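Structural description and commentary
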Amino acid sequence: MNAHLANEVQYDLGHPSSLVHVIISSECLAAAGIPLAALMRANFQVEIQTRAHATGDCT
Amino acid sequence: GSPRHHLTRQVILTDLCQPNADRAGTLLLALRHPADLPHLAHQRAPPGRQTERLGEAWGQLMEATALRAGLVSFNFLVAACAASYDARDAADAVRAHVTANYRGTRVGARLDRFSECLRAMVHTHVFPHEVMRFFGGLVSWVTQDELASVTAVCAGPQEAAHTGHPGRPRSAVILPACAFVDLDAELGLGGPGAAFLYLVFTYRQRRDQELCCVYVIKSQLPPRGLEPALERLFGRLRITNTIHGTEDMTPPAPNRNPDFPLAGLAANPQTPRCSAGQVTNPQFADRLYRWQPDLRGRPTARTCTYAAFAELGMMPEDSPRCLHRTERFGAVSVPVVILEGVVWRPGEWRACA
Amino acid sequence: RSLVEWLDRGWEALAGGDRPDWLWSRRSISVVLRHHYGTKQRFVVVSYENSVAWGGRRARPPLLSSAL
Amino acid sequence: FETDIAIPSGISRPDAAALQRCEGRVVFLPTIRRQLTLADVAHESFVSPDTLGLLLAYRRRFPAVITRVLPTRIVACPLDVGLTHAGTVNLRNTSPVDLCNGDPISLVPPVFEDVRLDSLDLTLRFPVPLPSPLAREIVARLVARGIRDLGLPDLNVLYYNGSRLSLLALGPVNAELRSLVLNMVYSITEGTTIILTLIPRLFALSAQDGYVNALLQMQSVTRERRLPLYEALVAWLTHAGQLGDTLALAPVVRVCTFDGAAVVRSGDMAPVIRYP
Amino acid sequence: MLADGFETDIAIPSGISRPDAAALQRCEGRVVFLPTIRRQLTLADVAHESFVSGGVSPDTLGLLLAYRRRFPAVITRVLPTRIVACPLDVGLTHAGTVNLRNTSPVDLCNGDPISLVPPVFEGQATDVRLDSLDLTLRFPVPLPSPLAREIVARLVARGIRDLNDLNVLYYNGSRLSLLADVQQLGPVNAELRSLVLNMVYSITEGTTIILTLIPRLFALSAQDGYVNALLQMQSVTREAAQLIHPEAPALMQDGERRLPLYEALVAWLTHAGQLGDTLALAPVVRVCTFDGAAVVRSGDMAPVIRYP
């Protein structure tokens, strides 16, 4: 729950755009190619960028 | 006539302080019980700093002294903060007998660790002037394996307490010349008068570039009027804390708060109002003026502290007498400031925010 | 004192604190199921009631529209 | 110097046993005097006052720690005039907090958890000797609770000397502490609007960019119908200057242990000095 | 002795007439500002001659700012050759009791902390002037502390007016007024900075929650006779409640681990509760009358034991 709280503070203070809160499943992570036990070892920094349509330039 | 003073005894582990290497007549600073440290960091820290840093930095010190509210001697504390003084020629002389006279294996691995603890204190925002508490100056000690029985004067004149050896019974206050900063000579006060002694910490709040300094300042100023004199010395640290101490706090970009309109709203009689019963009702509170103040990422006062002082004692002479000798601590010659006739009075700390 | 208010004094008595994790669990939560294009597995899009982000009832204009 | 608090006659058998238990405990007298009745000591003399009424009363009155207790009179010595002459007076914990060596100890009204003499028809409330760095915490936690009634589970958790305190353990203390909460909130809401009327811009500035450059000007020395504003300055400086004394909780007591344990636990006695 | 007491010797010169020598013996319990803790000083140091700045004799507000840069001492016995004082910052006496004297028109009570105030009142500016030595001795006025926070507030708020009545006080139903005079612009700006620093520093992220209680105070003032007697007839929050409806920001950064109100109250106590000591000087002194009377009348002595 805390991971959705601590993100809207970043969006309230402006860092025009939108924000969509997403729960990934465990099996979506498994087929994506990550080990699930590595994440078990409570916030966690994840770098996120957005890419454009047929342009190449990105945030 | 024999003056009145007060002794303390305490059974103390000899990891951080050594009453054998540090001779009779040095300062002693007591700590809190270190189980309180990793939780106060979890609670008092500003948003966006690593609360899991103080619990790890102290954990690397207890695993370094094995190769419980204890005690840190002054000479150990100065040499730990030795990378932040001006007289570096003498600051590397205080460290020179800390690593060479203290009983143990790799004492030089404690100083680089205990200073990493003090950098974790400023960063995790439990300031050590809330942790370091004054304890009296050494008069005698009784040695034992892994601990010692320390006798000290919590309140009174230093030169009254009997040492125990009838060859040389007295003890003068012994200080290294790196921490002892006058304010009589540097300001120009040459007149006679009783002088106050003060313990002063200094910080510097940046991301992983933080410092510590411990000073003993002799002055003719009251504790009510020290803050203009600490600002004149340490104003460089005051500027660097107000702009760099506030980091990873997220600011509102751009501003959202307008100006405060009560001077304009109260002048106009056409502005809608409410009675005592009409307020806290949504049909009548939405007709008023909406005001949403945003205080986020502001450089607050506790995040802009640069120093902290306390009372330590006085010298009731007309002309207080200091000395500058080089005593031999074993095989190392150290610049020493010797204070003569210190009457101890502790006091509470005071931040200079 | 509505029924939402009486729920708040249950959690503040049985547990003993506000816990802003638990503030939003007592209010309206829309839990929409989706699917991932890369690996065919499901994921969940969540919107609250007290949320500035998308789907929340306190949102800032302009909103998201699927005009394209 | 030692005062004498004479017990009035008519003492029953459990009532002499209850006064026998308060050996090392803090007593407030009105004025330093040799002859002194027990009825000026007791809780009847304080009228019931709330926590704010005790904090005012614990500064006009003069604290005294009981010495040995005689079957006819209570012999107590005051902490202001009678302790600089003598050496050391023992003091008993009533606190859940372990005292460490070298602490400065203030006193707190009995917020946490009352020796009543039934034959004499009086009660006795005694203060709690906890250290001063906790005294500015324990008051500040509980005032912060009462504002929420007009919490968080960490607000009731206090770690001192590796020991856990639970401020929760709630009902009557909330109504007991009400006049603090009504004065703590008001002196801030009046405070942060008069600033905001004198210098009205302070919230509109950008936080880390404009507000800092306007803060450095405040710090430097070299830079030199009608709102009833300037009559509200004086109104606020006398009320906020009043709560500065009452919630200071300035230390009376400093413990210096000699030939004993470094930690004085709950229920034990601790040696006390107040002078060099 | 060295710890318990400290006796200074303010020396009296050679040539003093007896109209001047009989005025000092009426100055038994007074308050004397030593600049140092020397044991031998002269009357030219104590008097208003040494008080002057570079050429400028300051007014009653700048008279405050050079008190707290000095050391208050109380005369204990006036000998023909010297005046013996005791500085209050060191220690009182062996017995720890030094008799003061009321110069106020105001009675004292037990346990009241004494702060000292300049001769601000009308009918009060009594300066013992020695004609043979050209010396005035401006003796300050020992007042109770809840008066001394009023008068400093009356003087500091008056100078804020003139950078762009008030002088009437009331204490125990007795009317008394303080003198009005034009103020030097120098020390007034030294007071405004000590306000705004200790005022702005008391504002924290958590204070935006306390600000949402302003409609709760005002709606409570119609029911409790305590809150109605609290707010004021001329307060700001009563006019702030009738016009502004504040509401809090929803979330805090790292709002799980920190306490927003707890950091707001501690920052308020260390900066705005400390403010009465940053304008005036400290109440070192309080009254402990032993057996005589619980109320000390004006012109009467009063025993004194130190306060933190």
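Residues numbered from 1 in each chain as written, not as in the entry; some residues may be left out. Chains lettered and ligands numbered in written order. Part of a larger assembly, values for the part shown. Heavy atoms only, no water.

Looking at the entry header, you'll see cryo-EM listed as the method and 4.2 Å as the resolution.

1. A word on the overall build of chain B
What chain B contains, in helices and strands, is 9 helices and 16 strands. Buried positions account for 58% of the 353 residues belonging to chain B. Summed over its atoms, the accessible surface of chain B is roughly 14,900 Å², and 49% of this surface lies on carbon and sulfur atoms. Positive and negative charge centroids in chain B, built from 38 and 33 side chains respectively, lie 3 Å apart. (Helix = DSSP H or I, 4+ residues; strand = E, 2+ residues; numbered from the N terminus. Buried < 20%, exposed > 50% of the residue type's maximum accessible area, 1.4 Å probe, protein only. Areas by Shrake-Rupley, 256 points an atom, 1.4 Å probe, with all protein chains shown as cover. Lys, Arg positive; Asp, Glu negative; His and termini not counted. Charge placed at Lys NZ, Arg CZ, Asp CG, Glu CD.)

2. What about the interface of chain E and chain D?
Between chain E and chain D, the residue contacts involve 67 residues of the former and 66 residues of the latter. Of the roughly 6,300 Å² buried between chain E and chain D, counting both surfaces, carbon and sulfur atoms make up 68%. On the chain E side of the contact with chain D, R149, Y262 and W268 of chain E bury the most area, a combined 10% of that side's loss. Viewed at the interface, chain D and chain E are joined by 4 salt bridges. A salt bridge links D112 of chain E to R60 of chain D; its shortest N-O distance comes to 2.8 Å. Between the two partners, chain E and chain D, sit 14 residue pairs in polar contact. Secondary structure elements with two or more residues in the side of chain E that touches chain D: helix 4 (145-161), helix 5 (185-200), helix 7 (214-220), helix 8 (225-228), helix 9 (237-241), helix 10 (260-271), strand 15 (285-287) and strand 18 (304-306) of chain E. For the side of chain E that touches chain D, the element with the highest residue contribution is helix 4 of chain E, accounting for 8 residues. Counted by class, the side of chain E that touches chain D contains 40 nonpolar, 10 polar and 17 charged residues. (Contact = heavy atoms within 4.5 Å. Buried area = accessible area lost by both parts, 1.4 Å probe. Salt bridge = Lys/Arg side-chain N within 4 Å of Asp/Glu carboxyl O. Polar contact = N/O pair within 3.5 Å; in protein donor to acceptor, adjacent residues only side chain to side chain. Nonpolar A, V, L, I, M, F, W, Y, C, P; charged D, E, K, R; others polar.)

3. Quick word on the sheet that holds strand 2 (residues 26-29) of chain D
Residues and elements named next belong to chain D. Pairing is mixed across the open sheet formed by 5 strands, whose spatial order is 2-4-5-1-3. The outermost strands of the open sheet, each flanked by one partner alone, are strand 2 and strand 3 (35-37). Going across the sheet, the axis of each strand differs from the next one's by a mean of 45°, ignoring polarity. Relative to strand 5 (residues 73-78), strand 4 (residues 62-69) runs antiparallel, the two being bridged by 4 bridges. Among the inter-strand pairings, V69 is bridged to a residue of strand 5, identified as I74. (Pairing = 2+ DSSP bridges. Axes fitted to C-alpha atoms, helices over the stretch in contact; angles between N-to-C directions.)

4. With respect to the interface of chain D and chain C
Tallying the contact residues gives 5 residues for chain D and 4 residues for chain C. Ranking the residues of chain D by area buried against chain C places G151, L152 and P153 of chain D at the top, with a combined share of 78%. Scanning the region where chain D abuts chain C turns up 1 salt bridge. With a shortest N-O distance of 2.9 Å, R148 of chain D and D18 of chain C are connected by a salt bridge. Taken together, chain D and chain C are joined by 2 residue pairs in polar contact. Class assignment for the residues of the side of chain D that touches chain C results in 2 nonpolar, 2 polar and 1 charged.

5. What about the sheet that holds strand 14 (residues 332-339) of chain B?
All names here are of chain B. Taken in spatial order, the 3 strands make up an open sheet running 7-14-13, and their pairing is antiparallel. Strands with a single pairing partner mark the edges of an open sheet, and in this sheet they are strand 7 (173-176) and strand 13 (322-329). Strand-to-strand twist of the sheet, defined as the mean angle between neighbouring strand axes without regard to direction, takes the value 45°. Note: strand 13 against strand 14, 8 bridges, orientation antiparallel. The partner of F329 across the bridge, within strand 14, is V332. Along the sheet, helix 5 (residues 88-101) contacts strand 7, strand 13 and strand 14; its crossing angle with strand 14, the most-contacted strand, is approximately 110°.

6. Regarding the environment of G87 of chain D
Checked against the element boundaries, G87 of chain D lands in the loop between strand 5 and strand 6 (89-92). We classify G87 of chain D as partly exposed; its relative accessible area is 37%.

7. Focus on unusual backbone geometry
The omega angle of the peptide bond from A253 of chain B to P254 of chain B is -10°, so this bond is cis rather than trans. Topologically, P254 of chain B is positioned in the loop between helix 7 (227-244) and helix 8 (262-265). Of the consecutive residues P61 of chain C and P62 of chain C, the connecting peptide bond is found in the cis state with omega at 0°. By secondary structure assignment, the location of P62 of chain C is in the segment after strand 2 (42-47). Within the chain, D208 of chain B stands out as a residue other than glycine whose phi angle is a positive 60°. Along the chain, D208 of chain B falls in the loop between strand 9 (195-202) and strand 10 (213-219).

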